[PDB]
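Student: Following this: a sequence and the matching experimental structure.
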Amino acid sequence: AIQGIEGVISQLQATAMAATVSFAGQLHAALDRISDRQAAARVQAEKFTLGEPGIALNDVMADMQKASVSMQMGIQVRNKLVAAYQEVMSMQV
Amino acid sequence: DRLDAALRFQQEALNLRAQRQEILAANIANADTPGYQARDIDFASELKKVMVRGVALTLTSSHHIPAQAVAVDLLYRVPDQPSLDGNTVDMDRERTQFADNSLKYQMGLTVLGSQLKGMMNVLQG
Amino acid sequence: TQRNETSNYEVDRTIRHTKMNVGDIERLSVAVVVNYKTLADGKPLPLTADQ
Amino acid sequence: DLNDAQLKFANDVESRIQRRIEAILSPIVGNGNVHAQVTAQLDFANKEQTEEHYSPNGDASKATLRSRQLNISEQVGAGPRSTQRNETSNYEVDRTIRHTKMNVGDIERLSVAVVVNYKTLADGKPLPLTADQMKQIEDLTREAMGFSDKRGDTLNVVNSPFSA
Amino acid sequence: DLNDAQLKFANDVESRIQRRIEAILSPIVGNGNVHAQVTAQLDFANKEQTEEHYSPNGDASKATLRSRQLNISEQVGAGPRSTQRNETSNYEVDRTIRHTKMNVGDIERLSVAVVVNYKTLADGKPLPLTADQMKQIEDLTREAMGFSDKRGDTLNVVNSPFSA
Amino acid sequence: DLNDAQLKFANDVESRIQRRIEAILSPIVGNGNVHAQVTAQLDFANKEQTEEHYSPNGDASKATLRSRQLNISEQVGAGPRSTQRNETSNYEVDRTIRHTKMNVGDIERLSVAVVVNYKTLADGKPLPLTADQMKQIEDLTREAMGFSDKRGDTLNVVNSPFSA
Amino acid sequence: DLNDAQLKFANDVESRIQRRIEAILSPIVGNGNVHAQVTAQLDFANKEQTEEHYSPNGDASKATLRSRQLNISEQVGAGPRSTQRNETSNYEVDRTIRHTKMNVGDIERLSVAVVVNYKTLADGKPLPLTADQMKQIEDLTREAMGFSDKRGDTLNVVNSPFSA
């Protein structure tokens, strides 16, 4: 809106001028990547089921397996993080 | 994006094997149509060119059709013998290539499955 | 003949945000009355069309 | 509250326009031989505007490109001709964002009423003014009031003898 | 509040333009034989603008390239000719970003009213001025006021005898 | 607040230009026999600009390369000829980034009004100046004011007898 | 604030150029028989520039190589000839990065106005100077002012008798 183009003129005027890492942001990015891969695989499989011509079965299965691998990696990382947190928060200070 | 990069070569080779299998099956189907020239793809060259290397409409709105945006050089197989109907499909070569392509497709499946199996076995604990 | 054309455009855009003032005038009607002209004699002579 | 402040703002603007007109109309017509009053239609509405402009790039001479793929095929056998041209072009366009916040209290339409006196000579006869002098007064008042046609300004100067 | 500050700013600008005109009009016409008043239409609207310009690269002579793939094939058997040209080009373009914040309080349109007196000789007859002198006064006032045509400036100088 | 500072800045610039003109116009025309006033249109808008320029590399003589693959095939059987040329080129281009922050308070357009007196000899007759002397005064004023045509500077020097 | 400092910087530069001109113009023309004034258009805009230059390597004689693969095949059966040349070359190029920060306060355009007096002999007749002497004065002033054509410098020296 008006707010949005003010923001975009601000962006350009900082770009002209040019010419804190947070763990929560990284976790959100990783979750978004896993969800995006899963959604892409699901959409491709749905389209292939509906008889779309330009999609092959081997690609569908490979994409599903890659999404499964990514989600398993996410699960294992979550398990390790939870174990570390529960170990740290169980101290006697 | 390292999982995509690690599995890219074998998946692309498998897709190319499926495409060439479709082309060989089309060659076998048209074995008796006159004036047909047998076609095929050079697997190696196409695979390297795919590994080395449309425009969908901009859906800025949340209420408009997504529309559509919409490449292998088909090489002619050199004929073995002349035929009066002008059909260059030599069935012996096509059958040998069909068996070879099916076998190599299965091998590509085995290799890709082994890679995925190892990657999933590493994470299992 | 076959022609497949796909084009993505960028368009001019103008957003105007307006907050009208409270207390503006909508319709003004005015009633004016003038007197006659009493000369030195005292006769109330009416005004003219030009005046 | 705020309405009274706006009204006082309008009154000050009108009074200053009146004084500016009187200042130039005094030396030639004379002190007291000229009276003017000003009314001002003002703008107390807060407006915010953002403007985006794209330079057209439909002409190939002014079109700026980043990537271009041109596949051309001609299989001549007009006979069994077969022409095929697949062209893909990505452009970079000029862009101008203007953000404007209009001032509160601007003038929308100014109408001014000016009345001048007659000329009483040494005898005392109230001789009216001439057409050239009236035109000069009109021009001077237009200059003083900042007369403009986009605003819709109206000016009326009439000549009449002042009452005792 | 802010409106009064803007109005005082306008009054000071107008007064200084008036004084600058009077300063040059005094030595030749004489003290008191010239009166001028200035009104100023000012700009109190905050504007911010960002401009992007791309140099055109449609001509191959001024086109800057990073990578170019040109596949050319000609299978001559016009007969059974077969020409095929696949061209892919990636360009680098000139870029100019300009960020501008316009000043608050600039002048939009200046109109100035100047009145001069007649010339009373030793006898006392109010002899009017000449066309050449009037043109000189107009030019001097245009110079003093900073007359410009893009702004839309209007100037009116008239000659008339001053009242007592 | 800031507007008053800008106005005082303009007044000081105008006064110094006036004094510089008067300094050279004094020795020849004489003390008091010359009066000049200066008005300045200034630039109080903050501008920031970044410029990128790419040297063209369309000519093979000035083209700088990092990697080049040239596959050439000619299967002559024009007969059943078959030519095929696949060329891939990666270039390195000259690059110039310029970042500019324009100064606040620069002069946009300067117009100057200068008036000179007549020449009263020992008898006392106000003899006007000559064309050559007027041209010399114009040139001197142009030099003093920093006259330029890109800015749009205007200068007007007229000759007239000063009043008592 | 900063504008006043810039203005004082300009005034000092102009005064020193004036004094340098006067210093050489004094011994020959005489004390007081020469007056000069200088105006300076200065550069108060902060500019930063980075320049990259690549030496061309299109000629095989000046081309520097790291790795080169040249596959050549000629199957002669022109008959059924079959030539095939696959060439891949990786180059190393000369590179020059220049980073420049322009000084704030540099001179853009200098215009100087100089006026000289006449020559009063023992009798007292104000004899004007000669063309050769005027040319010498022009050359000396050009040397003193640092006259250059890239800047766009203008110089005007005129001869006229000084007033009492």
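Tutor: Received, thanks. Numbers count the residues shown, from 1 in each chain, chains lettered A, B, ... in the order given.
Student: Give the buried residues for the biggest helix by length in chain A.
Tutor: Longest helix of chain A, by residue count under DSSP state H: helix A:57-88. For helix A:57-88, burial by neighbour count (16 or more other C-beta atoms under 10 Å in any protein chain shown) applies to A:58-67, A:69-70, A:72-74. Heads up, the C-betas are built off the backbone N, CA and C, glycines and all.
Student: Farthest pair within the residues you listed?
Tutor: For the buried residues of helix A:57-88, with distances taken as C-beta to C-beta, the pair at the greatest spread is A:58 and A:74 (24.8 Å).
Student: Residue B:12 is in contact with residue B:52, isn't it?
Tutor: No: judged on C-beta atoms under 8 Å, residue B:12 makes no contact with residue B:52 at a distance of 11.3 Å.
Student: ok, for residue 76, nearest residue in space, not its chain neighbours?
Tutor: With no chain named, the answer covers chain A. With C-beta to C-beta, 6 or more residues apart in numbering or on different chains as the criterion, residue A:76 has its nearest non-adjacent residue at 5.2 Å, and that residue is residue B:123.
Student: think we crossed wires, I meant chain B
Tutor: Spatial nearest neighbour of residue B:76, chain neighbours left out: residue B:37 (5.4 Å); criterion: C-beta to C-beta, 6+ apart.
Student: May I ask which helix or strand encompasses that neighbour?
Tutor: Residue B:37 belongs to no helix or strand when assigned by DSSP states H and E.
Student: And for it, the neighbour number?
Tutor: 14 (other C-beta atoms under 10 Å in any protein chain shown).
Student: Was I right to think it contacts residue B:75?
Tutor: No: Residue B:37 lies out of contact with residue B:75 (C-beta under 8 Å); the separation is 10.5 Å.
Student: Buried residues in the lengthiest helix in chain B, which are they?
Tutor: As assigned by DSSP H, the longest helix anywhere in chain B is helix B:91-123. Using 16+ other C-beta under 10 Å as the test for burial, helix B:91-123 gives B:93-94, B:97-98, B:101, B:104-105, B:108-109, B:112, B:115-116, B:119.
Student: Tell me what the residue nearest to residue C:11 when sequence neighbours are not counted is bridged to.
Tutor: Of all residues not flanking residue C:11 in the chain, residue D:54 sits nearest, at 7.0 Å (C-beta to C-beta, 6+ apart). Under DSSP bridges, the beta-bridge partners of residue D:54 are residue D:95.
Student: my guess is residue D:54 contacts residue D:91, does it?
Tutor: No: taking contacts as C-beta under 8 Å, residue D:54 lies outside contact range of residue D:91: 10.6 Å.
Student: thinking again about what came up before, what separation is there between the residue nearest to residue B:76 and residue B:79?
Tutor: Per C-beta to C-beta, to the nearest Å, residue B:37 is found 8 Å from residue B:79.
Student: Next, show the common contact partners of the two.
Tutor: residue B:88 (C-beta atoms under 8 Å, 6 or more residues apart in numbering or on different chains).
Student: give me the residue from chain A nearest chain F.
Tutor: residue A:19 (3.7 Å; C-beta to the nearest C-beta).
Student: Leaving out sequence neighbours, find the closest residue to that residue.
Tutor: In space, residue A:19 is closest to residue F:50, 3.7 Å off (C-beta to C-beta, 6+ apart).
Student: before we move on, what about residue B:14?
Tutor: residue B:108 (4.3 Å).
Student: list the contacts for the one you found?
Tutor: B:10, B:13, B:14, B:17.
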